[PDB]
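Asker: Quick one: this structure, given as structure tokens, is what I'll be asking you about.
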Amino acid sequence: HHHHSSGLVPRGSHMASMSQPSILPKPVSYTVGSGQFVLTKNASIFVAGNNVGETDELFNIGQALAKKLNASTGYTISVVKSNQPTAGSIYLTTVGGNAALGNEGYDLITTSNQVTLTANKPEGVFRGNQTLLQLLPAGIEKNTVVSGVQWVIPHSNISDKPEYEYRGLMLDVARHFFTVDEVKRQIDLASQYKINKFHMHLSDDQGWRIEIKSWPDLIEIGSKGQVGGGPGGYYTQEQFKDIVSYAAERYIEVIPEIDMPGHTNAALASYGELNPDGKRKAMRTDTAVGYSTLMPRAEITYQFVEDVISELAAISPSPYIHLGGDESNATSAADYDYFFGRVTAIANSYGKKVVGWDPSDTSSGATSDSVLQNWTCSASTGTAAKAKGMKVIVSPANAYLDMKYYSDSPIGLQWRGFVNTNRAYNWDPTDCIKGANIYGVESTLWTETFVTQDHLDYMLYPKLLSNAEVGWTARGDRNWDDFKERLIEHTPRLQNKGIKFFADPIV
């Protein structure tokens, strides 16, 4: 037999040059029969759970779906609490879910008279609704009313569930600041592709982005810049809670990161007492890394960390707090072991488990409840985590979505090489680490070189779609040639969503 790898498309990207559903990530099974369902102006969404509490949660999910459908159809589809759907209805239910599909899995069966989504949990109804939107014609994902398109769904049968539990996106809001609205939008867009985790990198050398009432100069001084010129910005604790709440409506866990003991210049520029000479650092607007450190052997450091953790824990319902631990090149191995163990103890005392970048798993203060985010992905990375029974989230070069697509990309970095849509697809988490409990995947969007929403869109789309499929779809069902053609077919939907994607010439 003969095989090949993909080159660039002759005459340019098909995402420039280009009944038909466009499901991404690829579901476990999808079959199509004869006939079709038509969504009309008279349609209602019926919801039915196993008890009134569950029905009420499904009702909220139904309303969110109705809002989306109404925006493009111009209909006023309403939601009804009933297990007796009428012909032409969408029906969302958790009664009789296939337990083998787990919390996020679902069956989605469309007949001429009815769309029926059957799940184990409300969460699975939400994930299934992301598929439902992709079964309707391109146009349905428009934010304004679309005319001249019949709103049809083919008679079809889908069963689905994720391969990995953790399928995340990290946004760096320290290097360049993004508004609450911009962050909500990225969360919203990601959710449509079954991303279920949002990691916020809230602090680094060039900025501190979260209000800490006990240390107000973190904002008054530490938030007032960013990479390059800019004014920076920050989230009040109320704005952070708003983001958390918005993500929760999409069954997305928000994991906040306060990076320590490295990547701490913004804190060090806010409070002189955090530095050995007692003087504030100058703010930094360059892109260098590795040079900053908290004082590992000063009690003031641990008081500062405790105050930050106390306040953040109070406003962050996730059982996880990410404490960074990357590129602590100004911290000795001995001090790093000690520091990371001490801050893990503090986090645990406030009821939070710790996530940290490698090599944080090597800290003698880690527990089997701590989680390693393995970004290095080398032969020895996560040896400690594996020995300690720690879950691992993988973020290899293939998940570093801030890398240039190509040598000539107008934005992006390249310290992990180039990452085009193909590279972002052609890997497996088991490639990054062997013999581990792999919790999942996280796409990381660092923002050294991204200033605008358009820059975010350009790098995340279509690259995030590749990573999202690596997280959701089983390896045996993944195939670049298949994904590539599905992605081409999906292009109008990205357009319709107003995503300023890159038309990658490898697609």
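Asker: How big is the charge dipole of the chain about its Cα centre, in debye rounded to the nearest 20, if each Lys and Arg gets +1 on its Cβ and each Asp and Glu gets -1 on its Cβ? Display every interim value, and only then the final one.
Answerer: Values: 44 positive and 54 negative charges, 225 e Å.
So the dipole magnitude of the chain works out to roughly 1080 debye.
Asker: Can you quote the Å³ per residue value for the convex hull of the Cα atoms in region 207-265, rounded to an integer?
Answerer: 104
Asker: Here is a follow-up. Identify, among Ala384, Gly417, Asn398, the residue whose Cα sits farthest towards the positive end of the charge dipole of region 366-450, taking +1 on the Cβ of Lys and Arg and -1 on the Cβ of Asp and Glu, with the dipole about the Cα centre.
Answerer: Positive-end residue among those listed: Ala384.
Asker: Relative to the Cα centre, what is the charge dipole magnitude of region 18-163, using +1 at the beta carbon of each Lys and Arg, -1 at the beta carbon of each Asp and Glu, and rounding to the nearest 20 debye?
Answerer: On the way: 9 positive and 9 negative charges, 75 e Å.
The calculation lands at about 360 debye.
Asker: What order do you get for 322-329, 181-188 when each peptide is scored by the mean count of other beta carbon atoms within 10 Å, highest first?
Answerer: 322-329, 181-188
Asker: Give the Rg (one decimal place) followed by the Dmax (whole number) of the chain, computed from C-alpha coordinates and expressed in Å.
Answerer: Cα only, the chain: 23.4, 76 Å (Rg, Dmax).
Asker: Report the residues of region 289-323 in range of a label on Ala64: point 7 Å along Cα→C-beta, backbone N strictly under 17 Å from it.
Answerer: It comes to 317-318, nothing else.
Asker: Which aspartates and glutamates, on any chain, are close to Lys279 with Cα under 15 Å apart, when same-chain ones fewer than 8 places away are left out?
Answerer: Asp217
Asker: Also, I was wondering about something else. Listing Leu413, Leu312 from the residue with the fewest other Cβ atoms within 10 Å to the one with the most, what is the order? Write out the running numbers ahead of the final one.
Answerer: Values: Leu413 18, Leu312 22.
Lowest count first: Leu413, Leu312.
Asker: State, to one decimal in nm, how far the label point of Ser5 lies from the label point of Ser17, with both points 7 Å from Cα in the Cβ direction.
Answerer: About 2.2 nm separates the two model spin labels.
Asker: Got a sec? Charge dipole of region 136-228, +1 on Cβ for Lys and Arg, -1 for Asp and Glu; which of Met170, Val152, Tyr193 is way out at the positive end?
Answerer: Most positive-ward Cα: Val152.
Asker: Additional query: Per-residue counts of other Cβ atoms within 10 Å, averaged by peptide: what ranking do you get for 279-287, 344-352, highest first? Spell out each step's value before the answer.
Answerer: Numbers: 279-287: 14.9, 344-352: 17.8.
Order by mean packing, descending: 344-352, 279-287.
Asker: What is the local net charge at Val355, summed over the other residues whose Cβ is closer than 12 Å to its Cβ (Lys, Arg +1; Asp, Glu -1)? Write out the running numbers ahead of the final one.
Answerer: Working: positive: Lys197, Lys352, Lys353, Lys391; negative: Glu253, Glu257, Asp259, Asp326, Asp358, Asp361, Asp369, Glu442.
Result for the neighbourhood of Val355: -4.
Asker: Take the cross-link list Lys41/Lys484; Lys184/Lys500; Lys121/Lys241; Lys352/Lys463; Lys194/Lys224; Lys434/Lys463 and give me the ones stretching past 27 Å between alpha-carbons.
Answerer: Pairs exceeding the cut-off: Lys41/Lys484; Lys352/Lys463; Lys194/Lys224.
Asker: Another one. I'd like the distance separating the alpha-carbon centroids of region 1-65 and region 251-323, in whole Å.
Answerer: For region 1-65 versus region 251-323, the Cα centre distance is 42 Å.
Asker: While we're looking at this one, here's another question. Can you tell me which of 199-209, 496-506 comes out highest on packing, and rank the rest after it, using the mean Cβ neighbours within 10 Å?
Answerer: On the way: 199-209: 27.6, 496-506: 18.4.
In descending order of packing, they fall as 199-209, 496-506.
Asker: What shape does region 356-507 have by the C-alpha gyration tensor, where a ≥ b ≥ c are the square roots of the eigenvalues, rounded means a/c under 1.5, and otherwise prolate means a/b greater than b/c and oblate the rest? Walk me through the numbers on the way to the answer.
Answerer: Working: a/c = 2.38, a/b = 1.69, b/c = 1.41.
Verdict is prolate for region 356-507.
Asker: With each run of n ≥ 4 DSSP H residues scored as -39500 (n - 2.57), what mean residue ellipticity at 222 nm is computed for the chain after dividing by its residue count and rounding to the nearest 500 deg cm²/dmol?
Answerer: About -9000 deg cm²/dmol.
Asker: Compute the Cα gyration tensor for region 18-163, then decide on rounded, prolate or oblate, letting a ≥ b ≥ c be the square roots of its eigenvalues: rounded whenever a/c is under 1.5, prolate when a/b is larger than b/c in the other cases, and oblate in all that remain.
Answerer: Working: a/c = 1.61, a/b = 1.19, b/c = 1.35.
Oblate shape, in that a/c is at least 1.5 and b/c is the bigger or equal ratio.
Asker: Arrange the following residues from fewest to most other Cβ atoms within 10 Å of their Cβ: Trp357, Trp480, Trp215.
Answerer: Values: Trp357 25, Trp480 16, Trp215 20.
Ascending number of Cβ neighbours within 10 Å: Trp480, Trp215, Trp357.
Coordinate-derived values only; no laboratory data. As a convention, Cβ positions derive from the backbone with ideal geometry for all residues, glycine included, and neighbour counts pool all protein chains shown.
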